[PDB]
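A.B. asks: I'd like to ask you about the structure that follows.
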Amino acid sequence: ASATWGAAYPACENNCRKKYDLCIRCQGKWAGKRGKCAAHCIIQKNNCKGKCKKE
């Protein structure tokens, strides 16, 4: 009706969805930082949703 967007930029955000899932290196990279390997990486896919989407 009005706020009909998302299929124009999708990548812009999808990139962080993959990223979030390509960032959880709870092993090695996050050798013990597990608790945050997760949270940390999820806030990415989510921050993205505020840079590409309006909802």
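Naming works like this for the structure tokens: A, B, ... for the chains as they're shown, residue 1 at the start of each chain, ligands 1 onward in shown order.
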Excluding same-chain residues fewer than 3 positions from residue 50 (chain A), what lies within 12 Å of it counting only C-alpha atoms, as a list in words?
C.D. replies: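 Result of the neighbour search: residues 6, 12, 13, 16, 43, 44, 45, 46, 47, 53, 54 and 55 of chain A.
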A.B. asks: Identify all residues of chain A in helix (DSSP H, G or I) (DSSP on the backbone) and supply them as a compact mmCIF listing (two decimals) with C-alpha atoms, in the first residue's frame.
C.D. replies:
# COMPACT_ATOMS: atom_id res chain seq x y z
CA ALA A 11 21.00 -8.50 -1.02
CA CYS A 12 21.94 -5.45 1.12
CA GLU A 13 20.57 -7.37 4.10
CA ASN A 14 20.85 -10.99 2.92
CA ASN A 15 24.62 -10.40 2.81
CA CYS A 16 24.55 -10.11 6.61
CA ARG A 17 22.30 -13.15 6.94
CA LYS A 18 24.99 -15.23 5.30
CA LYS A 19 27.64 -13.14 7.14
CA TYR A 20 26.03 -13.85 10.55
CA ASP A 21 26.17 -17.51 9.65
CA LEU A 22 29.66 -17.11 8.14
CA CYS A 23 30.82 -15.16 11.25
CA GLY A 28 39.40 -21.18 16.65
CA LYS A 29 38.48 -17.54 15.91
CA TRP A 30 36.14 -17.51 18.91
CA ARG A 34 31.29 -18.99 21.87
CA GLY A 35 28.68 -17.21 24.10
CA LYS A 36 29.24 -14.15 21.93
CA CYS A 37 30.35 -15.87 18.63
CA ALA A 38 26.68 -16.29 18.39
CA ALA A 39 25.01 -13.11 19.76
CA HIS A 40 27.75 -11.00 18.17
CA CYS A 41 27.17 -12.44 14.75
CA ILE A 42 23.39 -12.35 15.03
CA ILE A 43 23.41 -8.59 15.73
CA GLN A 44 24.95 -8.30 12.25
CA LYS A 45 22.11 -9.89 10.22
CA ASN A 46 19.89 -7.74 12.47
CA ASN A 47 21.73 -4.40 12.20
CA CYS A 48 21.56 -4.86 8.44
A.B. asks: With distances taken over only C-alpha atoms, which residue among A:26, A:9, A:33, A:1 lies nearest residue 49 (chain A)?
C.D. replies: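 Closest to residue 49 (chain A) of all the choices is A:9.
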